[PDB]
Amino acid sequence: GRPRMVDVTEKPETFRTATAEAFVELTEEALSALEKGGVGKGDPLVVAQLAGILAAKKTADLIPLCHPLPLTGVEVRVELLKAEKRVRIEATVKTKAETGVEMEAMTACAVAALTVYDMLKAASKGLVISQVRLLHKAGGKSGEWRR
């Protein structure tokens, strides 16, 4: 039960990929502010998308036992789903290492979601970040996985 950064020293470096998603449920006030460009702090979706990419890179700094690794690819999508009154975020991270990047993809989505909140909380402090979850991951002995 003692914390440790699992010893992965003898494992081979293989191509890893991970995809996660997250949602931000909007209020009428927030949705209205969004379609108008935000609350004066700038474009919520634009800032949040970049925050996601930055977050993927800062993952090892935020998750204690997470292994530091060279990321080879980061894609982040932040879109407004009007009819549903919520923002959907998706992130796919890739690398060539001995451990997966599910943490990088999950963190990217979570931070992108927190940034959406920060960019809109002036309109409504009740916004909720919901369903941060993994959708896909490949590489590693356990192979392919998809929700």
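Residue numbers here begin at 1 and follow the sequence given.
Two stretches are in play, 34-42 and 74-82, and the higher mean C-alpha B-factor belongs to 34-42. A summary of the deposited B-factors shows that, of 58-66 and 84-92, the stretch with the larger mean C-alpha value is 84-92. The deposited CA B-factor of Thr27 belongs to the highest third of values across its chain. Per the deposited record, the Cα B-factor of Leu127 falls in the middle third when ranked against the other modelled residues of its chain. The PDB entry assigns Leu135 a C-alpha temperature factor belonging to the middle third of its chain's modelled residues. Looking at the C-alpha B-factors along this chain, the one for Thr9 belongs to the middle third.
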